[PDB]
Every structure is written in C-alpha cells, then in structure tokens.
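The form deposited in one PDB entry is given below as one chain in structure tokens.
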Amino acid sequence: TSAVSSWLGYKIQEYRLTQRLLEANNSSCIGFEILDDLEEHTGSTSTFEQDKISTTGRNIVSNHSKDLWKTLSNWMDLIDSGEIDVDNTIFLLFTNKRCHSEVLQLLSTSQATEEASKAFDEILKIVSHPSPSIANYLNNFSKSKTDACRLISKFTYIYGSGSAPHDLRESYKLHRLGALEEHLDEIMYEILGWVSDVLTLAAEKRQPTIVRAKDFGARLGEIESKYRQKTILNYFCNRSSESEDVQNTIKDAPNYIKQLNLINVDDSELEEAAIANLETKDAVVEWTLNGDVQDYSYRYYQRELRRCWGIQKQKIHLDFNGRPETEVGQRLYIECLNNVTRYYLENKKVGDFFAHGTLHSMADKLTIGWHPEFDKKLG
C-alpha cells in the first residue's frame, strides 16, 4: 500500500520529466532529484516543480496540510541558501487531480506587489495556531515578509488530467509540430524508455541525473523519422466517363484535348484523358495542403517525365519511318503511356492516373506533344 503510493509518486515523477522536456527549447537542461523534485534551467530562467500524489478522496494540498507547508519550507530554505537567483526564478506546484483551497487560490493569484500586500493573512489570522506538530516549517515560511511576498508573486499551481500517460500524450499532440498521431503509442513508449534508461545510467554512476533538451530532441526526431515511411501516396479516384466535369472538359477543348484530336484518337481516349488530368489536378492540391508533396518536387517530376518523352520520341521516330504522322503520334503517345509509370514523386509511389494526368498537364502548356509537328499547329 505505502510502497505502492511511493512508487506511484515516482511514476508521476518520471512522467513529468518527459512532459517538461517536450515543452522546452534547444538550450534547456532539466534535472532530476538533484536540488528540487524537478529543476529546469533554460539559461535565462529556472523552474522548480514538486509533484505529490495521494488523491485518496482527500485534498492533498489544503489550508492545513503537512506536505504543502513542507514544500514551501523547502523552497524558502533553498531561497535562503543563496544559490538560486530569485530575480527570475519561477516556483511551480503540480497535482495530478483538481484541488481547491483558499490558500491555493491566494498563492496562485495575486502576482503583484499591490496584491501581495493584501495576500494570505497578517501573521496567523487564517490558520490560527495549528495543532502541535514539528511546527518549524511555519516560522521558516513566515520569518521574512519580503521573501514571502516574492514567493507569493512567483508561485504557480498546475492541475493534472486524472492520468499521467493521457496528459503526456496530450502534451505531445499539442506542442510538437507535425506530431505523428497515428503512431502515438509507439513514440510515447520509446520516448519513456530512453528517458528511464538515461536516468538509470546517470544514477548508477552517481553522476547528476540531468537531461539535456538537445539529446531528447534528437531522439524524438530519430523516432519520428523512423515512423515516417509512407512510401505510397494515397488518393481515391472516382471519376468515370459519365461525369459532368469530364464531358465539360472535352467540350471546352483545352490544349491537351486539341493535341489528342490532332492524332485522331477514339472517343474513349478523350474521356480517359480528362479523367486522368482532372484527378491529377485534384491530387496535386490535396497532397500539397497536407504537406505530402510541394511544388518543388512536382517540377522535378515534370523534368523526368520530359526526358522520358524526349527518349521515346527518338525511339518512335526510329521505329516508325514512312508511316503517316497520325500513326507516329499515336505510337509515341502509347509509348509514353507505358513508360512514365515508373517514376516516383518525392521517392513516393504514385498511381497511373497521376503519371498520365501529368503527361496531359505538360502537353497542356505545349511542353511535350504527340503529333510530330505540334508546336506549329498549336503555336
């Protein structure tokens, strides 16, 4: 029971180090059990956090609580030690569950001198001479008014959410840009194991149990890169020959439909080209808005597809010598259809619709063409 309570107290002590690391810069260094419960140094400021968890149907921190006064006395002893620069030192108290008290309300609020003057009581007006105890913490906390006012104005209280793993996952989701929510558990399992291993290895050698935010960031980046292996780009194509926009595209006669008409392709080939081109134009926007592909690798896709067309042009012009140009154009078009479906976009596989729609998009600008003389009949 008591061993379980202490073990849970430490479990919500390592689950908070990861959360404090996830919300830090590249210069922060967070200590563990060195001076305070959780000591974080960002070079500019410093944060001291104490974690206590009983939550057995009773308020852990109330008006008259041994643990809260012990924490305050320890904080003031650390202040009196003179090592901690109190000019920019922030004191934080975290609880895994909601707790309400008048002392907590006064301490968390009133972050000003004019409000610290009218804060708590005069000397013993509220608590009013508690029961016989060790009682040294009370006079340790209330021996100097200036430091007490400074601590009142530099105090913060933070609640939990009822579950440490859920709080850690929520912090990861909120703070990390581009957080992989699909593999949320596998990252969180491995980012806790690394922290535990680092802390244990530092503790066994009697070395300081400090964690640099740079190493944590590097490990997190490595894990996320390991899980960022979406090799195939996904897109659902639903257009068919009976679609309204397809028929409108054929009737409007854009440049690539004109190029296809120059080589006398059948009706089912004009409708199969508008489907692919429209789906490619729709896919390059969805992938661009989701960060899968930007318009820097699309101009590199269109540069490989143009060299491929340049090669197939020579191959076809060699093979089809003396045949009518309307057949050479069709042969070149078919040879490009079978060949362009081997390139990747951002080293990611794409469907045949994307390659054919890109071919028709490049033919739209008269960059590539099927008829042997297409730049003179459409220029």
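Only the largest set of C-alpha atoms that superpose within 1.5 Å between the two forms is called the rigid core. Shifts are known only where both forms have a C-alpha. In this text, residue numbers run from 1 along the sequence as written.
Another form, the form deposited in another entry, is not on view; read the next lines as being about it.
Per-residue Cα shift between this form and the one not shown after core alignment stays below 2 Å for all of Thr200, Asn88, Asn264, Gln294 except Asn88.
Core-superposed comparison between this form and the one not shown: CA of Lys97 displaced by 2 Å or more. Core-superposed comparison between this form and the one not shown: the C-alpha position of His317 differs by less than 2 Å.
The Cα shift for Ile30 between this form and the one not shown, taken after rigid core superposition, is 2 angstroms or larger.
Core superposition between this form and the one not shown reveals the following runs of 3 or more residues with every CA shifted by 2 angstroms or more: 8-10, 12-38, 58-189, 209-214.
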